[PDB]
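J.: Quick one: the structure is below, questions incoming.
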Amino acid sequence: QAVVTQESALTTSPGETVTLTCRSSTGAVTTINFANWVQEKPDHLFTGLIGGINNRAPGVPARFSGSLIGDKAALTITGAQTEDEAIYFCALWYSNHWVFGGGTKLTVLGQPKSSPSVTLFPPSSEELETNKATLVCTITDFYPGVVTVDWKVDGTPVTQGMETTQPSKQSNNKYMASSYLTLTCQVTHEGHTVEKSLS
Amino acid sequence: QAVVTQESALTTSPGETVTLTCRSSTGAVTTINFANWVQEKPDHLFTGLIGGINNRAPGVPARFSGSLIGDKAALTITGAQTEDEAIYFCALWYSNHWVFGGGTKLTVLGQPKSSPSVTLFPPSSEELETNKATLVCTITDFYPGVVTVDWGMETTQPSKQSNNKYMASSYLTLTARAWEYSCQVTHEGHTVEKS
Amino acid sequence: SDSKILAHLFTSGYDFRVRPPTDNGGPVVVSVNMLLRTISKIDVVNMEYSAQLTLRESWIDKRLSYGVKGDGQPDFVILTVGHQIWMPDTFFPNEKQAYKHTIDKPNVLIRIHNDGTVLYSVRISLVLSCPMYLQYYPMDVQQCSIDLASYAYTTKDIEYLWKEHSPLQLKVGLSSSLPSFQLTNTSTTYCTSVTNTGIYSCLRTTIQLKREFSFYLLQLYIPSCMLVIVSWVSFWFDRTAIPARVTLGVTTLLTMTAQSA
Amino acid sequence: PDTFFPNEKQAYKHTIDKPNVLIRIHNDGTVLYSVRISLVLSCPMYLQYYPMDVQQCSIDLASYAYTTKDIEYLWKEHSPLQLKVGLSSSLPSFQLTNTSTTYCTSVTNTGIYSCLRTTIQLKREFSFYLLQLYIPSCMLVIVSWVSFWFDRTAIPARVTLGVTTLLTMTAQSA
Amino acid sequence: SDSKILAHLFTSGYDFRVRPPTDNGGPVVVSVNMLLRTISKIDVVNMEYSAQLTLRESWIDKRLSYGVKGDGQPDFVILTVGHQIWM
Amino acid sequence: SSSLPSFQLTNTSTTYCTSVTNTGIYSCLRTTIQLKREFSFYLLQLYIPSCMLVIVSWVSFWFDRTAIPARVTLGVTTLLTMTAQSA
Amino acid sequence: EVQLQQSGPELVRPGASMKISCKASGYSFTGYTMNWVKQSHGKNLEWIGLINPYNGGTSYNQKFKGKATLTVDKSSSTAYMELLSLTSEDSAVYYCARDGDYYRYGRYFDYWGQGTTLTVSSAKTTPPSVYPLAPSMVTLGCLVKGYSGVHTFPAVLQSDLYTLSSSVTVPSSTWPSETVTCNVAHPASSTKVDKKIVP
Amino acid sequence: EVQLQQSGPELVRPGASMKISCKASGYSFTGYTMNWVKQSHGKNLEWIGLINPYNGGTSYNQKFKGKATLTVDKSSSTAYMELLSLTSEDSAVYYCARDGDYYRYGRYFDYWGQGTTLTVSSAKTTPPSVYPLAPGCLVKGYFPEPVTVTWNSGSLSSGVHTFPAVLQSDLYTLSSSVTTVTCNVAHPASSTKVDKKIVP
Ligand SMILES: CC[C@H](C)[C@H]1O[C@]2(CC[C@@H]1C)C[C@@H]1C[C@@H](C/C=C(\C)[C@@H](O[C@H]3C[C@H](OC)[C@@H](O[C@H]4C[C@H](OC)[C@@H](O)[C@H](C)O4)[C@H](C)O3)[C@@H](C)/C=C/C=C3\CO[C@@H]4[C@H](O)C(C)=C[C@@H](C(=O)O1)[C@]34O)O2
Ligand SMILES: CC[C@H](C)[C@H]1O[C@]2(CC[C@@H]1C)C[C@@H]1C[C@@H](C/C=C(\C)[C@@H](O[C@H]3C[C@H](OC)[C@@H](O[C@H]4C[C@H](OC)[C@@H](O)[C@H](C)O4)[C@H](C)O3)[C@@H](C)/C=C/C=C3\CO[C@@H]4[C@H](O)C(C)=C[C@@H](C(=O)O1)[C@]34O)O2
Ligand SMILES: CC[C@H](C)[C@H]1O[C@]2(CC[C@@H]1C)C[C@@H]1C[C@@H](C/C=C(\C)[C@@H](O[C@H]3C[C@H](OC)[C@@H](O[C@H]4C[C@H](OC)[C@@H](O)[C@H](C)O4)[C@H](C)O3)[C@@H](C)/C=C/C=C3\CO[C@@H]4[C@H](O)C(C)=C[C@@H](C(=O)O1)[C@]34O)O2
Ligand SMILES: [Cl-]
């Protein structure tokens, strides 16, 4: 039916002004969509920011602000802060129910960008005895924490049997992730890609 | 038309929890049936227990309670007492009138159970001469006071004795020409039968 | 869609004058919800009170079922103007005056669910009679009721029952529009009665009003004590100056009269 | 829109001669609807500071049958609430200090209904209470003092004053 | 049933404006019952009082007889909306 | 009777009031209720307080004939109050 | 305590009509409506109808429409029931049962009366026709018709007359070696007969 | 300060039904309506429905019509959510989020709860089958979570990355890398502490 669309991820430095957008598939975001914005800090901490007509939640900082720029809902953080780094979901109201977006992962840069260290392992002969094959592709030491994991089998891109974990903050404030394949590994980051294959 | 159905008889010991049920033939007992429960002690002593929506008569003990278990009206006695032994009629309201059930004979145990001593008597010669034949199947010494005679017939109502074991008699009426046979009594389990 | 579904229901032979059919010939069961908006003008002299409420009736009319199981169609279709439907001819037995609200479009709502279940919602302003008992007048509690029942249909055709969950509801701004009393308790009961024309089903909601005391404390009790106490300060005047004593004792007595009046 | 006024206790449309309504159907399909309506609304008041209080009275507007999926109310973008020029002059006892335009959409048992709410703020005029309550009471208390200047021997004069001013005080409050 | 019985009565020529016929040309006899619900506001100044009652009128209109002896049909049929009757 | 606090509906009657007018002779029924005014109110708000008022005017017969100011104050206040009450 | 006292037992010939009473005491008589219940040997309990003392109003079971006529005498706090065109089927016990609610119909029963037994019969005195019955311990039977171990059972009603038997268990060694006989007396008919039980 | 505290985590077999709570404190409970949001691994956030404490009134997402049943207990300031005919797809984290406006619907979110994790699996308590990852370890087919992993019995603790677990066969499965060498796994739910050496 109707689908909400957001930027996969955005980057901004402390003090700058970033803007997240929320797009409706059926058309332009109007006032009767009551565009809501929700923030998710790490460890499953949700809180509301903006919503309804033009009201905001108790305590929502003055730097946060809502608008209808162009034909989609916007959320503008004027003077970004360190703590402002989180995942932002926008929700649109369609007639009688809410529909959430994919969420935008806003990163407030307090560390130099770091390309991902991709390692792809071959399914140990061990587990082949179980008549099962599992490829591991560990991804570590990257920043910001937003990587795309696409698999390929003999040129053609894998469409079934793939599962990747959500990036997680490791020790050094960089993010890490893993990705598995199921039988019987290129990674996109900040733009560039890192490929690790095996025959 | 519509007919109300109840357990012929039930048995329970002092302190236990027994449940009588009232069934409607047209369908499930709903709230607009205003299921009523009436108690009849010996010597024709009637009194109401439950009825209407969810109200009860003045003085009805707290152990009595009504409900709509399954799709029929229920009457649950939580913590049965000796005096609770009586006949319980339930009445359903169908549109503009009441329809009573057959009644359930609740027995609160007091004496050990007893099997019915049956004896089947043939039609004597005087009756054969009359051209009308009569059979008699006398039932003595049974408890509780619930027996079911199975062979024109007409069995009498259970009536206690001198030893507190209700008794009764059965009469199968025929004609002398039809005469030219077996009585079986089913009592709370086994079935005593004689030919 | 909706307009078409409605059309389908009434294109066939449908009579709003004919009671809805039943499976066992039983009476049409009407479930009732009631929402009090405001309770005002509680007249003690004429023993009546006003109250505006929203009546909500719900019964089954198989003839109106369009979606049946549905699950491909809209759950309910809003009944538009120009389509007649059998409705319980309910009235308020203890109503002395009554108005429906018709500002702009009339304040009603009728829904015809797919299975044939009908919802009926209407705003109604009432003036009900509430016999009051003033034995403890300053500190009394009255109980006022609203009775609802069918007028023409007897117990064989129509039976009222309070909604199973929260049959009576109050609007949030009710106690604030009722300054003189405190609505302490409410009850939902049946008042079915047997009359000369037959046995009629009847519901009855009851609110319990506790009279606010602060007013009577300040306008009656306090000032009377203050008045009795003044009559005592004449016990401290010399027995020779009786003019002063009489002036006090008489003025406080006269004032007492006025106050009571 | 089958709009009604949730907090209306009484309501009349004006129909003198031709009914007082206007409906315009713009070329693009935009409809304008204008109607005169007299209302009697309930306005819960709070008299804690009665002589010098401010009350806030509201008018609620919402659909009756149509839920949030069918009809949604929104205040006009520019000047949603307007007052006629001769309003404050027909309101002698109060002073209409402030007005607000808000939403009161609520979730009920029959569904979620969209709802607007205009609010006027009424400040009670003081001149009346100054002249009919405060002034005369001071003038009454002050009289009870002029008995402190009568000789202690003529008590009849003192009681007459003190009692008459006390009684009058009662009446005034009544 | 009921809807059909009503239909039968008014499908023929029936005039609610015409007084019910009588056997001897006599007057229609209307029996009256009255039920007082409340008697209130007894004004002594204007010498009047209010009262809410239920009026109950009963007469015979042979034209409306459907069951006659009946005993196979419903005792009475409730008059539904849209059917005029001399009153 | 519970909604009628000020009176007591003692008796009712059912009668005929058929009359002959200029347009003809019209049949007419007439029900009649008989209302007895409740006395408790008038006992407490009229009679009792007036006796209590007359009795006060007597307590001035026990004041010395020299202190007339006391007597006049009583006799006049009770008379004035009497007026108000009747009004 | 409330009490409902009904009139005494009555015996009436078919075609006639009699009226039983139910005098109520211990409560405001006009506040509770009265039911009438018929308990007959042939069937279960039947609900005849009900009357509202205060109102005069009545409502009959379609079955008894025209058979029973409920009335009430406020002065004496008594409820009456007329029974017209009495027949054999009208021979039963008639109870009166009060409704539960105060000045309103609650559809639930409070107190019943002791019942009134009505006998509608058209048969004159008839001598008991005694027919002997017979097949450790042997049990012998004695049958009375159309009127240790001594067990006389209840009396039925066959063809507008009564009929009961009489068991009697005795040691087999006392029969037929000794004359077993049963005495059958009937005061209202002045007839006593003996039937010798033979093998 | 307002707080919404939800019930603890739950594990239930398919076909069954469980009910999670959301105890509200620090505000007039009956004044604000409650939302329920479902966050599942498979998809985004979904809006289940909402309930008005004061009113009893509810409004469900067509999707969860019949799957969830919102109720409220005024006395205890608690909001409850029933979940019927539980299945694999119902395995998620359920949040409760209050509406912003006071005694009226504002259509905007205030405070959320910490969330309640519901796990629906007919799975049996299963130990982990560890396979070696050479050019890392691979804890596979273990349930229920969690599982802990160390290197060299604790010695080699620098550069060790233990990745989130995944539900690949209805049984959890995670790995852990590092920069002789053996990895130690210790499943507490079945007392399984197996070690696997890492050979070329
Ligand atoms: C004190 C009474 C004696 C008789 C005195 O009376 C006089 C003078 C002589 C005596 C010494 C005269 C009297 C006023 C009092 C002085 C009282 C006040 C200045 C105020 O009240 C006090 C006491 C009051 O608590 C009794 C207290 O409220 C508390 C406690 C209560 O719980 C017991 C609780 O409910 C409440 C919520 O919080 C309050 C805060 O403060 C003031 C409120 C009183 C006003 C009185 C009046 C206003 O209009 C009335 C009327 O127009 C009239 C005819 C007479 C007035 C009067 O009666 O005037 C009057 O009734 O003094
Ligand atoms: C002065 C008060 C003391 C108690 C005196 O009272 C008495 C005699 C004893 C004291 C000396 C009695 C009193 C009247 C005053 C005399 C007052 C006037 C002749 C007029 O008013 C004065 C003062 C007034 O400013 C207080 C002033 O207005 C200005 C200033 C105001 O800002 C402070 C501002 O708002 C205003 C817009 O412009 C004005 C021009 O001129 C006259 C207006 C007063 C009338 C009073 C009354 C009329 O009906 C009232 C009622 O029927 C009653 C029961 C008592 C009367 C009373 O109370 O009578 C009463 O309330 O004297
Ligand atoms: C006794 C009267 C003389 C004049 C006395 O008056 C005063 C003082 C001076 C005299 C000695 C003043 C007077 C009260 C009385 C004292 C009376 C009571 C304390 C109560 O009443 C008594 C007597 C009363 O029976 C007369 C009796 O009821 C019985 C018998 C009745 O049948 C004869 C029968 O119907 C009844 C059902 O059951 C009762 C139980 O008990 C109290 C009820 C009185 C209240 C009086 C008043 C209340 O508001 C009235 C008004 O605001 C006003 C202006 C004056 C008040 C007053 O009149 O005040 C007032 O009318 O004393
Ligand atoms: Cl004076």
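Going by the structure tokens order, chains are called A, B, ..., each with residues numbered from 1, while ligands are numbered from 1 in the order shown.
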Near residue 114 (chain G), counting only C-alpha atoms, which residues have an atom at most 7 Å away, once you skip same-chain residues fewer than 6 positions from it, shown as a VMD selection string?
T.: (chain B and resid 44 to 45) or (chain G and resid 5 to 6 95)
J.: With a distance threshold of 12 Å and counting only C-alpha atoms, extract the residues of chain C near chain B and express them as a PyMOL selection string.
T.: chain C and resi 22-31+154-162+164+189-192+194+198-201+203
J.: Counting only C-alpha atoms and all ligand atoms, which protein, DNA or RNA residues come within 10 Å of ligand 3, given as a count of residues only?
T.: 29
J.: Using only C-alpha atoms and a cut-off of 10 Å, which residues of chain F sit close to chain E? Please list them as a PyMOL selection string.
T.: chain F and resi 1-7+9+14+29+31+33+35
J.: Pick out the residues sitting within 8 Å of region 118-126 of chain G, and hand them over as a PDB file with N, CA and C atoms, in the first residue's frame; count only C-alpha atoms, and ignore anything fewer than 6 positions along from it in its own chain.
T.:
```
ATOM      1  N   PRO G   9     -58.164 -27.480  49.856  1.00  0.00           N
ATOM      2  CA  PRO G   9     -58.378 -28.383  48.721  1.00  0.00           C
ATOM      3  C   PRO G   9     -59.834 -28.364  48.287  1.00  0.00           C
ATOM      4  N   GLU G  10     -60.083 -28.609  47.006  1.00  0.00           N
ATOM      5  CA  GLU G  10     -61.439 -28.557  46.478  1.00  0.00           C
ATOM      6  C   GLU G  10     -61.740 -29.758  45.591  1.00  0.00           C
ATOM      7  N   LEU G  11     -62.991 -30.207  45.633  1.00  0.00           N
ATOM      8  CA  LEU G  11     -63.461 -31.282  44.770  1.00  0.00           C
ATOM      9  C   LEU G  11     -64.674 -30.804  43.987  1.00  0.00           C
ATOM     10  N   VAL G  12     -64.562 -30.794  42.663  1.00  0.00           N
ATOM     11  CA  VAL G  12     -65.628 -30.272  41.815  1.00  0.00           C
ATOM     12  C   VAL G  12     -65.877 -31.153  40.593  1.00  0.00           C
ATOM     13  N   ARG G  13     -67.130 -31.204  40.156  1.00  0.00           N
ATOM     14  CA  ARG G  13     -67.516 -31.995  38.996  1.00  0.00           C
ATOM     15  C   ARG G  13     -67.156 -31.279  37.702  1.00  0.00           C
ATOM     16  N   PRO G  14     -66.849 -32.052  36.647  1.00  0.00           N
ATOM     17  CA  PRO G  14     -66.519 -31.494  35.331  1.00  0.00           C
ATOM     18  C   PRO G  14     -67.595 -30.524  34.844  1.00  0.00           C
ATOM     19  N   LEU G  86     -63.974 -26.659  33.974  1.00  0.00           N
ATOM     20  CA  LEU G  86     -63.095 -27.651  34.582  1.00  0.00           C
ATOM     21  C   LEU G  86     -63.294 -29.038  33.980  1.00  0.00           C
ATOM     22  N   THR G  87     -62.187 -29.752  33.786  1.00  0.00           N
ATOM     23  CA  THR G  87     -62.223 -31.103  33.239  1.00  0.00           C
ATOM     24  C   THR G  87     -61.222 -31.990  33.971  1.00  0.00           C
ATOM     25  N   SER G  88     -61.021 -33.198  33.456  1.00  0.00           N
ATOM     26  CA  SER G  88     -60.084 -34.133  34.063  1.00  0.00           C
ATOM     27  C   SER G  88     -58.674 -33.561  34.072  1.00  0.00           C
ATOM     28  N   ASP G  90     -57.659 -30.667  34.375  1.00  0.00           N
ATOM     29  CA  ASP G  90     -57.465 -29.565  35.311  1.00  0.00           C
ATOM     30  C   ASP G  90     -57.159 -30.047  36.729  1.00  0.00           C
ATOM     31  N   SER G  91     -57.213 -31.359  36.939  1.00  0.00           N
ATOM     32  CA  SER G  91     -56.908 -31.932  38.246  1.00  0.00           C
ATOM     33  C   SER G  91     -55.416 -31.845  38.535  1.00  0.00           C
ATOM     34  N   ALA G  92     -55.036 -30.906  39.397  1.00  0.00           N
ATOM     35  CA  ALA G  92     -53.628 -30.695  39.718  1.00  0.00           C
ATOM     36  C   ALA G  92     -53.451 -29.916  41.017  1.00  0.00           C
ATOM     37  N   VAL G  93     -52.217 -29.497  41.280  1.00  0.00           N
ATOM     38  CA  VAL G  93     -51.925 -28.617  42.404  1.00  0.00           C
ATOM     39  C   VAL G  93     -51.508 -27.248  41.886  1.00  0.00           C
ATOM     40  N   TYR G  94     -52.225 -26.214  42.310  1.00  0.00           N
ATOM     41  CA  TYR G  94     -51.980 -24.866  41.818  1.00  0.00           C
ATOM     42  C   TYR G  94     -51.265 -23.999  42.850  1.00  0.00           C
ATOM     43  N   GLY G 146     -58.985 -50.565  40.486  1.00  0.00           N
ATOM     44  CA  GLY G 146     -60.197 -49.803  40.233  1.00  0.00           C
ATOM     45  C   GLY G 146     -61.011 -49.413  41.453  1.00  0.00           C
ATOM     46  N   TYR G 147     -60.371 -48.768  42.424  1.00  0.00           N
ATOM     47  CA  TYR G 147     -61.049 -48.393  43.665  1.00  0.00           C
ATOM     48  C   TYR G 147     -61.232 -46.883  43.833  1.00  0.00           C
ATOM     49  N   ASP G 160     -59.528 -43.272  35.294  1.00  0.00           N
ATOM     50  CA  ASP G 160     -60.368 -42.503  36.211  1.00  0.00           C
ATOM     51  C   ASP G 160     -60.611 -43.235  37.530  1.00  0.00           C
ATOM     52  N   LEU G 161     -59.724 -44.172  37.849  1.00  0.00           N
ATOM     53  CA  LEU G 161     -59.795 -44.919  39.098  1.00  0.00           C
ATOM     54  C   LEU G 161     -58.390 -45.152  39.638  1.00  0.00           C
ATOM     55  N   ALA G 188     -64.800 -46.123  52.251  1.00  0.00           N
ATOM     56  CA  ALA G 188     -65.768 -45.361  51.465  1.00  0.00           C
ATOM     57  C   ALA G 188     -66.725 -46.251  50.670  1.00  0.00           C
ATOM     58  N   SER G 189     -66.351 -47.513  50.488  1.00  0.00           N
ATOM     59  CA  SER G 189     -67.182 -48.454  49.745  1.00  0.00           C
ATOM     60  C   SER G 189     -67.760 -49.530  50.658  1.00  0.00           C
TER      61      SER G 189
END
```
J.: Residues contacting ligand 2 - anything with an atom at most 8 Å away, using only C-alpha atoms and all ligand atoms - can you give me those as number ranges by chain?
T.: D: 127, 130-140, 142-143, 172
J.: Can I get the selection written as a PDB file, in the first residue's frame, with C-alpha atoms?
T.:
```
ATOM      1  CA  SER D 127     -15.783  49.124  38.466  1.00  0.00           C
ATOM      2  CA  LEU D 130     -15.533  48.536  43.509  1.00  0.00           C
ATOM      3  CA  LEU D 131     -18.671  50.675  43.853  1.00  0.00           C
ATOM      4  CA  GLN D 132     -21.228  48.083  44.995  1.00  0.00           C
ATOM      5  CA  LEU D 133     -19.061  45.967  47.281  1.00  0.00           C
ATOM      6  CA  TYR D 134     -15.661  47.306  48.340  1.00  0.00           C
ATOM      7  CA  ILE D 135     -16.321  51.040  48.708  1.00  0.00           C
ATOM      8  CA  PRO D 136     -19.580  50.601  50.660  1.00  0.00           C
ATOM      9  CA  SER D 137     -17.977  48.034  52.980  1.00  0.00           C
ATOM     10  CA  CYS D 138     -15.094  50.325  53.861  1.00  0.00           C
ATOM     11  CA  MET D 139     -17.614  53.103  54.363  1.00  0.00           C
ATOM     12  CA  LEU D 140     -19.416  50.629  56.630  1.00  0.00           C
ATOM     13  CA  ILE D 142     -15.266  53.178  59.005  1.00  0.00           C
ATOM     14  CA  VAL D 143     -18.646  54.027  60.547  1.00  0.00           C
ATOM     15  CA  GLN D 172     -24.936  43.461  51.552  1.00  0.00           C
TER      16      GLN D 172
END
```
J.: Quick one: residues within 9 Å of region 9-25 of chain D, only C-alpha atoms counted, chain neighbours fewer than 6 positions away excluded, as a PyMOL selection string?
T.: (chain C and resi 38+52+101-104+125) or (chain D and resi 31-42)
J.: Extract, using only C-alpha atoms, all DNA, RNA and protein residues at most 10 Å from residue 129 (chain H), discarding same-chain residues fewer than 6 positions from it, and format them as a PyMOL selection string.
T.: (chain A and resi 127) or (chain H and resi 138-142+173+185+192+194+196)
J.: Compile the residues of chain H that lie within 8 Å of chain D, evaluated using only C-alpha atoms, and express the compilation as a compact mmCIF listing (two decimals) with N, CA and C atoms, in the first residue's frame.
T.:
```txt
# COMPACT_ATOMS: atom_id res chain seq x y z
N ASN H 52 -7.61 4.80 24.60
CA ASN H 52 -7.81 5.96 25.46
C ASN H 52 -8.19 5.50 26.85
N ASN H 55 -11.45 6.65 28.36
CA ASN H 55 -12.62 6.38 27.55
C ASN H 55 -12.89 4.90 27.37
N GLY H 56 -11.81 4.12 27.38
CA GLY H 56 -11.89 2.70 27.09
C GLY H 56 -11.76 2.47 25.60
N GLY H 57 -12.03 3.52 24.83
CA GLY H 57 -12.04 3.44 23.39
C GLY H 57 -10.74 2.96 22.78
N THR H 58 -10.84 2.22 21.69
CA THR H 58 -9.66 1.71 21.00
C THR H 58 -9.77 1.88 19.49
N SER H 59 -8.63 1.83 18.82
CA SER H 59 -8.57 1.91 17.36
C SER H 59 -7.34 1.14 16.87
N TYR H 103 -5.99 15.04 27.72
CA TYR H 103 -7.42 14.80 27.50
C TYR H 103 -7.88 15.23 26.11
N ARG H 104 -7.09 14.85 25.11
CA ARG H 104 -7.45 15.01 23.71
C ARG H 104 -6.35 14.41 22.84
N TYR H 105 -6.72 13.99 21.64
CA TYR H 105 -5.80 13.29 20.75
C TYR H 105 -4.98 14.28 19.93
N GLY H 106 -3.67 14.27 20.13
CA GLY H 106 -2.80 15.21 19.45
C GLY H 106 -2.02 14.64 18.28
```
J.: As a CSV table (one decimal) with C-alpha atoms, in the first residue's frame, please: the residues near residue 30 (chain H) (cut-off 8 Å, only C-alpha atoms, same-chain neighbours under 3 positions excluded).
T.:
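Written out: part.csv:
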```csv
chain,number,residue,atom,x,y,z
H,33,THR,CA,-4.0,7.9,25.2
H,52,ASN,CA,-7.8,6.0,25.5
H,53,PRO,CA,-7.5,5.2,29.2
H,54,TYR,CA,-10.3,7.5,30.3
H,74,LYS,CA,-7.4,2.6,35.6
H,77,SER,CA,-2.4,3.0,35.9
H,103,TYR,CA,-7.4,14.8,27.5
```
J.: Have a look at CA of residue 20 (chain H) and CA of residue 165 (chain A) and let me know their distance in Å, one decimal.
T.: 26.8 Å
J.: How close does chain C get to ligand 1? List, as a tab-separated table, each residue of chain C within 6 Å, its nearest atom pair and the distance in Å to one decimal, counting only C-alpha atoms and all ligand atoms.
T.:
```
residue	atom	partner	partner_atom_place_in_ligand_line	distance
C:218	CA	ligand 1	61 (O)	4.1
C:219	CA	ligand 1	51 (C)	4.9
C:222	CA	ligand 1	58 (O)	4.8
C:223	CA	ligand 1	58 (O)	3.7
C:225	CA	ligand 1	4 (C)	5.0
C:226	CA	ligand 1	4 (C)	3.5
```
J.: Check which residues fall inside 9 Å of ligand 4 when counting only C-alpha atoms and all ligand atoms, and print them as a ChimeraX atom specification.
T.: /C:247,251 /D:160,163-164 /F:73,77
J.: Keeping only C-alpha atoms, write the selected residues to a file as a PDB file, in the first residue's frame.
T.:
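Now in selection_20.pdb:
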```pdb
ATOM      1  CA  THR C 247     -31.037  46.089  71.121  1.00  0.00           C
ATOM      2  CA  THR C 251     -31.582  42.619  66.332  1.00  0.00           C
TER       3      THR C 251
ATOM      4  CA  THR D 160     -26.525  51.178  67.778  1.00  0.00           C
ATOM      5  CA  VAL D 163     -24.900  46.526  65.404  1.00  0.00           C
ATOM      6  CA  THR D 164     -26.457  48.436  62.504  1.00  0.00           C
TER       7      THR D 164
ATOM      8  CA  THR F  73     -37.907  48.801  70.789  1.00  0.00           C
ATOM      9  CA  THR F  77     -39.476  45.675  66.003  1.00  0.00           C
TER      10      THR F  77
END
```
J.: Would you mind writing down, as number ranges by chain, each residue of region 7-172 of chain A that DSSP on the backbone assigns to strand (DSSP E)?
T.: A: 9-12, 17-24, 36-41, 45-51, 55-56, 64-67, 73-78, 86-94, 97-100, 104-108, 117-121, 133-142, 147-150, 152-153, 156-157, 162-164, 168-169
J.: So that I can check the surroundings of residue 78 (chain E), please list as a list in words every protein, DNA and RNA residue that reaches within 10 Å of it, counting only C-alpha atoms and ignoring chain neighbours fewer than 3 positions away.
T.: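 The contact residues come out as residues 17, 18, 152 and 153 of chain C; 2, 3, 6 and 81 of chain E.
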J.: What residues in chain G have any atom no more than 9 Å from chain B when counting only C-alpha atoms, and can you write them as a ChimeraX atom specification?
T.: /G:43-49,59-62,95,97,100,106-115,130-135,139-141,143,151-156,158,164-167
J.: For chain A versus chain D, which residues have an atom no more than 10 Å away, and what is each residue's nearest atom pair and distance in Å rounded to one decimal, using only C-alpha atoms, chain-then-number order, as CSV?
T.:
```
residue,atom,partner,partner_atom,distance
A:31,CA,D:74,CA,9.1
A:32,CA,D:72,CA,7.6
A:53,CA,D:103,CA,8.9
A:94,CA,D:69,CA,8.3
A:95,CA,D:69,CA,4.5
A:96,CA,D:69,CA,5.8
A:97,CA,D:69,CA,9.4
```
J.: Can you check which residues of chain G have any atom within 8 Å of chain C? Use only C-alpha atoms and format it as a PyMOL selection string.
T.: chain G and resi 52+55-59+103-106
J.: Using Å and a single decimal, report how far CA of residue 108 (chain A) sits from CA of residue 163 (chain A).
T.: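 Pair CA of residue 163 (chain A) / CA of residue 108 (chain A) returns 27.7 Å.
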